[PDB]
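Scroll down for the structure; my scribbles are underneath it.
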Amino acid sequence: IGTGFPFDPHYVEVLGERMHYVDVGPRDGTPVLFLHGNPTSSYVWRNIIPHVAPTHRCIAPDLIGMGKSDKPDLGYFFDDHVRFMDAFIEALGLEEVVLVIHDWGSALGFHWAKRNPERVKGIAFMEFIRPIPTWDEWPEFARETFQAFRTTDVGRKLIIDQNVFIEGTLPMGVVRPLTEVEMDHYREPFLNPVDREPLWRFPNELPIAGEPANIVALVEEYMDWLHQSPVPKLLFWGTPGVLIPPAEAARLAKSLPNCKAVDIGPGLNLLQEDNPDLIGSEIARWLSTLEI
Ligand SMILES: *CCCCCCOCCOCCNC(=O)c1ccc(C(=O)O)c(-c2c3ccc(=[N+](C)C)cc-3oc3cc(N(C)C)ccc23)c1
Ligand SMILES: [Cl-]
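Each residue of the sequence shown is one higher than the one before, starting from 4 at the first, in PDB author numbering.
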């Protein structure tokens with residue numbers, strides 16, 4: 004499994020800030036837009052892109068506050084990410100896209116697609132944001148720790164002051180051990196404790212047991228859109244999962260129109276880090292089939 008990130012940095016000014024993005028592959032045709040989540044960056048896609056890039060343009064931004072993108076003194080609410088991602092997509096002139104999305108990047112991508120349904124030609128997704136109706140549907144092993152994260156004093160202490168989302172949660176979201184290079188590359192954006200705001204606001208945004216009500220609503224709205232859309236869909240899932248347990252993956256593979264579902268083997272949240280070969284191969288192949 005490659006630890007390298009052999010992509011030249013590109014930057015675009017967005018709302019007066021700058022965002023970093025990978026942009027590889029051919030200049031024409033429909034681009035594939037890869038959206039990471041918490042607490043990753045475009046780095047999470049490094050072993051998936053090289054399988055897609057021979058045939059398609061691959062664009063992988065770092066969310067505002069993350070990666071190599073700028074770090075303005077925001078609250079990094081989901082609304083903030085929405086604003087910056089809408090503006091990134093316009094600043095690059097993108098017209099139609101294929102979306103490849105994960106964790107909070109999935110809330111972004113689905114919320115975009117709902118609002119711009121004529122510009123979305125396919126969606127591949129994995130470990131994605133859906134409403135978690137009660138805390139019982141959060142996995143038991145991570146339950147206590149996510150509940151602590153969703154406080155101000157204790158959660159900030161953990162995420163911001165002790166860097167637990169990077170040091171603890173991130174390796175607990177991958178079945179294989181991450182290597183020290185890997186860990187250092189995920190550490191890099193968050194060396195300064197003050198830059199850890201998004202790492203804490205994210206889990207506080209998770210739509211769990213009805214809260215926060217605004218996020219619950221928005222997520223329900225794009226899940227309804229999704230259930231009704233004929234757009235081609237590709238769902239990766241793993242066992243036991245985190246956000247998407249196998250039973251849920253099986254239900255969505257039948258409930259969503261035009262949905263192909265692919266089991267990656269063992270997986271928790273960062274499926275890309277457990278089976279990037281399968282994921283990149285199956286995306287490249289599926290992309291071919293969107294023309295058939
Ligand atoms: C969009 C959703 C994203 C989900 C992201 C990944 O998924 C969630 C899986 O949740 C795990 C939640 N639990 C913890 O973060 C946690 C609990 C207990 C302990 C612990 O060590 O007591 C840690 C922990 C570590 C666990 C594993 C680990 N590995 C596999 C190398 C390393 C750990 O290191 C630390 C370090 C600290 N510090 C104070 C620095 C604290 C806890 C751990 C995590
Ligand atoms: Cl999160």
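All residues carry an ideal CB built from backbone N, CA and C; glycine is no exception.
What I want to know is whether the C-beta of residue 2 ends up closer than 7 Å to one or more non-hydrogen atoms of ligand 2.
Beyond the ends of the chain as shown, which are 4 and 295, falls residue 2; an answer cannot be given.
| query | Under the rule that 16 or more other beta-carbon atoms within 10 Å means buried, what is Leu38, buried or exposed? | reply | buried
Measuring CA to CA, which of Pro57, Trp240 and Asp83 is closest to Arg204? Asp83
What ranges does the alpha helix (DSSP H) occupy inside the stretch 191-259, keeping only unbroken runs of at least 4 residues that lie completely in it? 200-208, 216-231 and 249-258
DSSP state of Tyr46 mapped onto helix, strand, coil
helix
Looking at C-alpha atoms only, which residue of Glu140, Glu214 and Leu238 is the closest neighbour of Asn261? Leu238
Three or more C-beta pairs under 8 Å: does that hold for the stretch 215-233 against the stretch 164-175?
no
Could you tell me which of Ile51, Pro75 and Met22 sits nearest to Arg199, measuring between CA atoms?
-> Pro75
May I ask you to report which of helix, strand or coil DSSP gives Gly125?
strand
Give the secondary structure of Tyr14 by DSSP, where H, G and I count as helix, E and B as strand, and everything else as coil. strand
For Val184, verify whether its CB is less than 7 Å away from any heavy atom of ligand 1. no
Is the beta carbon of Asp73 closer than 8 Å to that of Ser45?
no
### In DSSP terms, what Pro142 is bridged to
BP columns for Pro142 are empty, so no partner.
The stretch 147-159 contacting the stretch 122-130, beta-carbon criterion three pairs below 8 Å:
no
* To do: Classify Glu93 as buried or exposed, calling it buried when 16 or more other Cβ atoms lie within 10 Å of its own Cβ.
  => exposed
Near ligand 1: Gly40 beta-carbon under 7 Å from a heavy atom:
yes
To the nearest angstrom, report how far apart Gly96 and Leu102 are at their CA atoms.
15 Å
Original post:
Is the distance from the Cβ of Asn272 to the Cβ of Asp106 below 8 Å?
Top reply: yes
| Buried/exposed call for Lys257, threshold 16 Cβ in 10 Å | exposed
I need the boundaries of the alpha helix (DSSP H) containing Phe37, first residue and last residue. It is not in any alpha helix (DSSP H) - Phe37 instead sits in the beta strand (DSSP E) that spans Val35 to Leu38.
**Prompt:** Helix, strand or coil for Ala63 per DSSP?
**Reply:** strand
Using three-state DSSP, classify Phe80 as helix, strand or coil. coil
Of the listed residues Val219, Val47 and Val197, nearest to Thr137 (C-alpha basis) = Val219
How big is the Cα-Cα spacing for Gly5 and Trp48? 11 Å
Per DSSP, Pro269 forms a beta bridge with which residues?
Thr242
Who are the near neighbours of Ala110 in its chain, counting only those whose CB is closer than 6 Å to its CB and skipping five residues on each side?
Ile132
_Are there any heavy atoms of ligand 4 lying less than 7 Å away from the beta-carbon of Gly112, as far as the coordinates show?_
As for ligand 4, it is missing from this structure, which binds only ligand 1 and ligand 2.
| Given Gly270 as reference, the closest of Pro249, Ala264 and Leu255 once Cα atoms are compared | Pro249
*Assigned secondary structure, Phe87 (DSSP; H/G/I helix, E/B strand, else coil)*: helix
Whole-angstrom distance between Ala212 and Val157, CA atom to CA atom | 20 Å
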